[PDB]
Amino acid sequence: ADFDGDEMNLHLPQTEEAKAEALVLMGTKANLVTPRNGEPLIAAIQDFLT
Amino acid sequence: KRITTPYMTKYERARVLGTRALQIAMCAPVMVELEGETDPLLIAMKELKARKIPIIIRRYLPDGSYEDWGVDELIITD
Amino acid sequence: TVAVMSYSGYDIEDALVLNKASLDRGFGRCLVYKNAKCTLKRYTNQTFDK
Amino acid sequence: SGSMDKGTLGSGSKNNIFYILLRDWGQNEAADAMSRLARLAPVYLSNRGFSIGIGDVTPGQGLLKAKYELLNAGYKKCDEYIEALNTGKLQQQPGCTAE
Amino acid sequence: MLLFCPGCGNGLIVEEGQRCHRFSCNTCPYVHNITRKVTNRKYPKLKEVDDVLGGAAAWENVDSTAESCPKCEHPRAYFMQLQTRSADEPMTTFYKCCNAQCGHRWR
Amino acid sequence: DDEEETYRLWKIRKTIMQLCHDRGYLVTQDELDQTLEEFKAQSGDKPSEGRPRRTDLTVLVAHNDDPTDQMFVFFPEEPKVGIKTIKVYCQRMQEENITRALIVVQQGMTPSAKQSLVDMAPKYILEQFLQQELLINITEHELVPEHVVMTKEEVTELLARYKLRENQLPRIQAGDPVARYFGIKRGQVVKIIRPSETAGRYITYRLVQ
Amino acid sequence: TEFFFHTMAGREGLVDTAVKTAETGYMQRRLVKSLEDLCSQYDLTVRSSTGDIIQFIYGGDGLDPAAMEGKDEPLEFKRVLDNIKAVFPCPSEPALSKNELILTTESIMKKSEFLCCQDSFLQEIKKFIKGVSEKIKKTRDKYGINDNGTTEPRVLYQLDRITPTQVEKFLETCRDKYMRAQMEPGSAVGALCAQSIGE
Amino acid sequence: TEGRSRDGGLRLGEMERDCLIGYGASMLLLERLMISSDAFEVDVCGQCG
Amino acid sequence: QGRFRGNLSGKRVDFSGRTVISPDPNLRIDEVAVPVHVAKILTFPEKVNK
DNA sequence: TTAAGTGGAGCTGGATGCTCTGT
DNA sequence: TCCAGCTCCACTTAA
RNA sequence: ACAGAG
Ligand SMILES: [Zn+2]
Ligand SMILES: [Zn+2]
């Protein structure tokens, strides 16, 4: 994302099992590294590095 | 004996919390003492931390045999 | 009037901070004109919309 | 010791300190520290002040004397190579034609 | 070689007669007896090159030297710069570093 | 020439020695290390040397199994080997009561004889190798990991450890050159020892199909 | 003229960005449609939907690409040992010599819980410990350190200091990081392969 | 339906299906594409199929 | 636009939204800020229990 | 002399990125 | 706009 | 069917 007129989508899951498969497997705290080469993606960016 | 892994995988953890949250969403008895919680998933995770969930995970090998592991005897982790 | 600086951290990727007391005084004020038309035809039968 | 670069806080690769916290102290300690950084770094940077200007890209006097000499030497050696191709022998590099 | 009939100007063919080989037209009686040696030399292009290559000087006739790579820091280097992807608003570089023959190639 | 032609008759003979040593046939140690200058001794250059029937190998017996389990190696002289030369080798093989034979063709085989080598007999199995494939031992190549043909008592322990069938293994074809090197038929299992980036080794298995 | 040439060099970047999208998405669609069935079973094999085996162990090692703390490897022993020496300095314990280190390392590694690991990981641990012990001997040969603990400038025991508590925590941390780095059964490993090659 | 003018609703396309497989999310991939789009039941004769 | 790609493997869903995005660093890395105009439309069916 | 098995050449049918936002 | 299968036709071996 | 946007 780049905040220049960017549209993102949303989905509210409608089942308790659809919640718990989304929280345990798909959360941001459980997806910090990319599955490709194990490098972290959620980290600091410009003005947090500067 | 049982030869499969002793660590609970993320898929077992996710589906046990899901099925336990769907049971607590219906009027099932709760094995822990809740302290004001309303979301069923949070009560499921409190039951998971205290090792009280009455689910037996049956693991099917690809030949057809199985192994019945308890939730309270798999090593939980993050 | 533009100051070029790093301010408040809501301006990371192309986002820009505005002034609340400039938008109130008339800056950025736009108007949107739309349309709504309706036709009332006469038929081959001697009858008509109304 | 040492300042914090892109290769220590940023999203590039390993030896990230948040990756160290992820692998040694759990998920939740890597997530709190990024929120503390996201909270703390604009408070410092927006009260230090940090700005760019046309004077931040203007060439000094040391550059304008170097650039003239470099352009003259480069254009002269290119002209000598032009004359050496068109009017005689060029030391033809291996694998390629004279052009 | 093409040779053409003085009469009708069709193309002659070589055939054999009772005393000589003849150039003969296909459409008129004209024939020309080959009395003496006649020739046509092609002189094709020989394979002029031998083309040995890959020398180290043929590798390092590019600008960069005594810079810094993020892997092994050696001076003898071979750099590259690209920009031809405008989804990449940052620049693009690739570097080769061969003083100790370490041979890195990264971004 | 004649420095490079006798080179081929040396190198092909050396590779056939190694191919017979890897199939469990009895090969002496000196034939596996027969030097080029020593190959000059028992056969000189092409005016003194003779190509087609002087370099045959019929000494090869299965020292694991049995001394009557024997195998020919023939070097035909014409480049495209017709049916007639195959019939000559087959009647010679009929005379000596041998069941297995190899044929090293020089340029190719006529398409009615490639059809012949399949359907002459199930008891008379014959293998066509080009002489250009035998100029290098493909097992010595660095892209080819070491294959080992497995016994039935090892296939049975393989299929009991993972609880499999035969048709769930990965496959190797019989037209595979490394399969034709070992001479393996449908229903055998090979063990492939793959080298790793580390000092470790990963073992895997393929069924001939 | 320079502006026109620089615009020529920029439109190539724009057109490569624009062509890149239809250039790659069909490839990723093919990879996903061909690889979406593969799964890591509970018997450490990778099978298709029909039951045939694609791999006997996943990747050779049985391990997860998302959990590699090194260059395609599960640990990096220098960093782990430095972490354990920094988190647990044991100031009231004697620093081990070479042979005492080898003795306590082979003493811990023959317990019951280390048998679950692969053999190559245990060989790499023993190789690393032998390297550390040779560093200890190369230091204690230079500075005249006697292994009994009685040389008077006691700063010399700060040079390659290693205690039995740090060795125990080291081996437990390495073993726990190896056992949690395995590919968990049920992982849609073909879809991860397809995305990590198509991206 | 399709768009914002028709109160449409968004699209789990072909590519976003491929991401939910990679997480191993089975019931979420069931809930998005069956329960909350077009769930339905039919009467099936088990004899003639 | 057939059945298999257009209506079976991928299909339009409800309980979904779509908006322009904008940054906010005062949130955590695992939170998201939903506007109230979308939070009233989107619903989660919560079962009544004790 | 010709029956036949297999090469090479031309014809045919398939495919070519993800969404919203409007007329 | 690019690329695998299918079918037609000369070209040797073999009797 | 065309134009946009990321
Ligand atoms: Zn004429
Ligand atoms: Zn380098």
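Protein chains in written order, with the entry's author numbering: chain B, 498 to 547; chain H, 50 to 127; chain A, 740 to 789; chain X, 647 to 745; chain R, 1 to 107; chain W, 2 to 210; chain P, 845 to 1043; chain E, 1036 to 1084; chain L, 349 to 398. Ideal Cβ placement from N, Cα and C applies to all residues, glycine included.
At which residues does the beta strand (DSSP E) containing residue i begin and terminate?
i	result
P:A930	Unbroken run through P:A930 is the alpha helix (DSSP H), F921 to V931; no beta strand (DSSP E).
W:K192	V190 to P196
W:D70	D67 to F75
H:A70	Looking at the DSSP string, H:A70 is not in any beta strand (DSSP E); the run it does join, the alpha helix (DSSP H), is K59 to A74.
R:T92	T92 to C97
P:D1004	Unbroken run through P:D1004: none, as it is neither H nor E.
L:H385	Element bounds for L:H385: not the beta strand (DSSP E) but the alpha helix (DSSP H), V384 to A387.
R:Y78	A77 to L82
L:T367	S364 to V368
Within 10 angstroms of the Cβ of residue i, are there 16 or more other Cβ atoms? Answer buried if so, exposed if not.
i	result
E:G1044	buried
W:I173	buried
X:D702	exposed
P:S884	buried
P:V1011	buried
R:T65	exposed
P:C1037	buried
W:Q71	buried
R:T39	exposed
If you follow the alpha helix (DSSP H) that residue i is part of, which residue opens it and which one closes it?
i	result
W:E155	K153 to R162
P:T983	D963 to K986
P:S1040	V1033 to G1042
X:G658	Per DSSP, X:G658 belongs to no alpha helix (DSSP H) and is neither H nor E.
W:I84	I84 to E97
X:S681	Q673 to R694
Report the option in the options whose CA atom is closest to the CA atom of residue i.
i	options	result
P:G906	P:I969, P:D887 and P:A1035	P:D887
P:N927	P:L1015, P:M1027 and P:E957	P:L1015
P:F958	P:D1020, P:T851, P:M852 and P:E1028	P:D1020
P:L940	P:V876, P:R923 and P:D991	P:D991
W:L170	P:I898, P:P909 and P:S951	P:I898
W:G25	W:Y182, W:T157, W:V105 and W:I139	W:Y182
E:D1042	L:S370, L:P371, L:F363 and L:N374	L:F363
R:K96	R:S68, R:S86 and R:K47	R:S68
Would you say residue i reaches chain E, if we count a Cβ-Cβ gap shorter than 7 Å as a contact?
i	result
H:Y109	no
P:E880	yes
P:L875	no
Could you tell me whether any Cβ in chain L is nearer than 7 Å to the Cβ of residue i?
i	result
E:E1049	yes
H:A93	no
H:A63	no
E:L1063	no
E:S1072	yes
Taking 7 Å as the threshold (beta carbon to beta carbon), is residue i in contact with chain R?
i	result
X:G720	no
Compare the C-beta of residue i with all C-beta atoms of chain W and state if any pair is closer than 7 Å.
i	result
H:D112	yes
Does residue i come within less than 7 Å of chain P when only Cβ atoms are used?
i	result
W:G188	no
R:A87	yes
E:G1059	yes
Check whether the Cβ of residue i lies closer than 7 Å to any Cβ atom in chain X.
i	result
L:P373	yes
R:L46	no
B:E536	yes
A:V756	no
Using a Cβ-Cβ distance cut-off of 7 Å, determine whether residue i contacts chain B.
i	result
L:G358	no
X:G656	yes
X:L683	yes
Does the beta carbon of residue i sit closer than 7 Å to a beta carbon anywhere in chain H?
i	result
L:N397	yes
- Message: Tell me whether the region 774-789 of chain A and the region 527-541 of chain B touch, counting them as touching only if at least three CB pairs, one residue from each stretch, are closer than 8 Å.
- Response: No, because fewer than three Cβ pairs between the region 774-789 of chain A and the region 527-541 of chain B fall closer than 8 Å, the two stretches do not touch.
- the region 134-146 of chain W / the region 12-28 of chain W touching (three or more Cβ pairs under 8 Å): With a cut-off of 8 Å, the region 12-28 of chain W and the region 134-146 of chain W count as touching, because enough Cβ pairs lie within range.
- Task: Pair every Cβ in the region 51-65 of chain H with every Cβ in the region 671-686 of chain X, then say whether three or more of these pairs are closer than 8 Å.
- Result: Taking 8 Å as the limit for Cβ pairs, the verdict is that the region 671-686 of chain X does not touch the region 51-65 of chain H.
- Item | Validate contact between the region 94-101 of chain W and the region 67-82 of chain W using beta carbons, cut 8 Å, 3 pairs | Contact holds: three or more Cβ-Cβ distances are below 8 Å.
- Message: Using 8 Å as the cut-off, can you tell me whether the region 870-879 of chain P makes contact with the region 940-953 of chain P, which would need three or more C-beta pairs spanning the two stretches below that distance?
- Response: Proximity of the region 870-879 of chain P to the region 940-953 of chain P falls short of the contact definition, fewer than three beta-carbon pairs being nearer than 8 Å.
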